[PDB]
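Here's the structure, in structure tokens; my notes come after.
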Ligand SMILES: Nc1nc2c([nH]c(=O)n2[C@H]2C[C@H](O)[C@@H](COP(=O)(O)OP(=O)(O)OP(=O)(O)O)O2)c(=O)[nH]1
Ligand SMILES: [Mg+2]
Ligand SMILES: [Mg+2]
Ligand SMILES: [Mg+2]
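Residue numbers (our numbering): 48 to 176.
This is the structure in structure tokens:
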């Protein structure tokens, strides 16, 4: 079974909204809402990975961010370790840089059912802030 390390960014603005994209229909976890992010490559750190993935996917450089949660989740065909970084300062304005849907969503209104099941404890913990 494939084992992957994934770094994602919880991009939170001053109005308690999170920048959320929707995964492509032919991707793993197709059509799900997601925090922007992706695989940590050989030779790069989890911190470097979340910067690179947010630059690629939504056009921002996260700065002065912190590890909100790290967890492991066994999907039917792969095992993933997810690094959830809380990103409250960044350079740029996030957008659908890869042509993917992206929009600001109120934290209180997030529905964990809309995201991959691995995100359930993170979404709950975020609403506790
Ligand atoms: N990006 C992201 N992925 C998540 C979340 N929750 C979750 O279980 N995943 C899973 C889905 C995928 O198995 C993996 C994310 O990898 P990815 O498809 O974003 O990888 P990538 O950006 O490097 O790949 P690509 O789009 O360049 O093809 O982690 C999340 O909140 N954000
Ligand atoms: Mg990516
Ligand atoms: Mg990605
Ligand atoms: Mg990638």
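We put the beta carbon where it would ideally sit given N, CA and C, even for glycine.
Taking the CA atoms as reference points, residue 94 sits about 21 Å from residue 144. Residue 52 sits in a strand when the DSSP states are folded into three classes.
Ranked by how close their Cα comes to the Cα of residue 48, the residues 125, 146, 130, 129 have 125 in first place. Residue 51 is positioned such that its CB atom lies no closer than 8 Å to that of residue 79.
For the options 88, 106, 120, 102, the alpha carbon positioned closest to that of residue 76 is the one of 120.
For residue 172, the enclosing alpha helix (DSSP H) begins and ends at 167 to 175. DSSP places residue 109 within a strand segment (E or B) once states are collapsed to three. Judged by DSSP secondary structure, residue 87 falls outside any beta strand (DSSP E); it is assigned neither H nor E. Put simply, the backbone Cα of residue 139 is about 15 Å away from that of residue 149. Judged by their CB atoms, residue 134 and residue 53 are not nearer to each other than the 8 Å cut-off. CA-to-CA, the gap between residue 73 and residue 163 works out to about 15 Å.
Within the DSSP bridge table, the entry for residue 76 names no partner.
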